[PDB]
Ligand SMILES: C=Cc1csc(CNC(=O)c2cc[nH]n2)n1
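Below you will find one chain, with nothing else, as structure tokens; this is the form deposited without the ligand, and questions on how it binds or moves follow later.
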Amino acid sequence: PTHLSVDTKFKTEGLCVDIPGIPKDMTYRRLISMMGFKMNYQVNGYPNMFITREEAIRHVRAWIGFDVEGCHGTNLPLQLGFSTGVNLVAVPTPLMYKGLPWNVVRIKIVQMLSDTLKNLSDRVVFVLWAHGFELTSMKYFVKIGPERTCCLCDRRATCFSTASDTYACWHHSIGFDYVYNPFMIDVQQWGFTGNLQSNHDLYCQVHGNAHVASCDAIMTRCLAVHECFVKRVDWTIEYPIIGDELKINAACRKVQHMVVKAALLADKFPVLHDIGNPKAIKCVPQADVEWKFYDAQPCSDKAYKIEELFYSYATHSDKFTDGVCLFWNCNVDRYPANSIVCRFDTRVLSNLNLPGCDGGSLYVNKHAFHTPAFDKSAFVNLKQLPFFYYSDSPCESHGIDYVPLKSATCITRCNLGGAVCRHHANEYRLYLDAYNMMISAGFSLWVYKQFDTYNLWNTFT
């Protein structure tokens, strides 16, 4: 069982208000036929328009919530809402657009999906809370057939043009009018009691219901993300490389060793309390410090209460007041004052970060991590960690042309002694690039208020 069988049953109770008299017994095969799509027995890579919950999770970057509200059935106009906040009105003659015929509506749909998805996925997954009109309207903007490649490149075809009779991916679809071979999934098939708003509002206070189709489309994708990434967590699923994943991850490792090593040199803490990843390793292996590890998986729902991390039942818990605490991506409600902290800012706009549930976001870099909403108050006992570069390594070149470096934040023997050497200038600039890579990727660094880089200069005496 790799794909969803067309002979699987589709619960139709949710479709009987827009479609009165629909059979209770219904397969995907009969539903697709009813929707106007002739699969004509095809073994060419597109076995079903609808996908499994598992296939949907592997393709989370393609998720676009879709809702159609029957505004006034090729007799009345339809309001087409997308989780992008777009509302289009199709006529059969929070961004809201006036009534227009399908021939122009379908052009806008291709433009919008292509701009949204080109840098995220090779496909679209229409996430629905199906009531009837969204499925019966797909024949107006969707064409299906064998799997294909773009006319201008080797990527999988996601759009079709009736004007030129050619196929294109999301990058080369300008002027294309049909969505080609889309995927879709009905959230109602997962067995819910009650309507969309009641199920959504159980877990999210951030998306309201302004009664437009995009509002439902957003709430639908939000509820799907909650079910698949907040309540259900699968860290085994790997996701393709689409951006700066390898550079961002390497930068995080360089930044972590740098910041922790400098803190241990500047304030000579005897013990370090490392909380978070149960698979974490000593980021500064040569440090003198007593390195103690505490297991806490990434919290995907709400941030950990600092108090519950010490709830040791009938035994005494450790005193974190001695030494320093390292919370590298361990999201707590209020950090202790003696901490070094890396906290992902969920508000960041990027191709790695997808909108999440209740203010949080779904960070997808090798794995999907739903992260709780960023909260500035978690850092009240700390300060924003300033940029600095520290190096005790020898001033030795080993060899890109050179411009002399002048910086107050290059903490080296050469800078103390008057002039930065070529090696430390190359290393400072590389470290500044990795630092900016990680900050721009959404990460934020915080440190105990007594942290001072002035204390680092005397480690050369």
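Residue indices: 1-based, along the sequence shown. Note that the rigid core is defined as the largest set of C-alphas that superpose within 1.5 Å between two forms.
Root-mean-square C-alpha deviation from the shown form, taken over all structures in 5 other deposited structures of this protein superposed by the rigid core, is larger for 302-310 than for the alternative among 222-230 and 302-310. Across the other PDB entries of this protein whose models span the neighbouring residues, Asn365 is modelled without exception, so it is unmodelled in far fewer than a third. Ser350, modelled here, also has coordinates in every other compared entry of this protein that models residues flanking it, well short of the third needed to call it frequently missing. In the deposited sequence, the stretch from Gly418 to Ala419 has no residues without coordinates, so the chain runs on without a break. According to the entry, the deposited sequence places 4 to 9 unmodelled residues between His72 and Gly73. Set 407-415 against 41-49 and average the Cα temperature factors; 41-49 ends up higher. Remark: stretch with higher mean C-alpha B factor among 178-186 and 192-200 is 192-200. Within the group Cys357, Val91, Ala251, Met258, the record's highest C-alpha temperature factor is found at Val91.
Note on the listed residues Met219, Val142, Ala280, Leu362: the highest Cα temperature factor in the record is that of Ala280.
Sort the modelled residues of the chain by CA B factor and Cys395 lands in the highest third. Annotation for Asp318: C-alpha temperature factor in the highest third relative to the rest of the modelled chain, per the entry.
Compared with the other modelled residues of the chain, the Cα B-factor recorded for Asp267 ranks in the middle third. Sorting the modelled residues of the chain by their CA temperature factor places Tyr428 in the middle third. Sorting the modelled residues of the chain by their CA temperature factor places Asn338 in the lowest third.
The form deposited with the ligand bound is left out here; the points below concern that form.
Placing the ligand onto this chain by superimposing the site C-alphas, using its pose in the entry with it bound, gives at least 3 ligand atoms within 2.4 angstroms of backbone or C-beta atoms, which makes the site blocked. Interface membership of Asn199, defined by any non-hydrogen atom within 4.5 Å of the ligand in the entry with it bound, is ruled out. Although the partner is absent here, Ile109 sits far enough away that none of its heavy atoms falls within 4.5 Å of the ligand in the entry with it bound. Although the partner is absent from this view, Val187 stays clear of the ligand in the entry with it bound, with no non-hydrogen atom inside 4.5 angstroms. Heavy atoms of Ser114 never reach within 4.5 Å of the ligand in the entry with it bound, leaving it off the interface. Site annotation in the entry with it bound: the residue of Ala157, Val341, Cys228, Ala213 reaching within 4.5 Å of the ligand with a heavy atom is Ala213.
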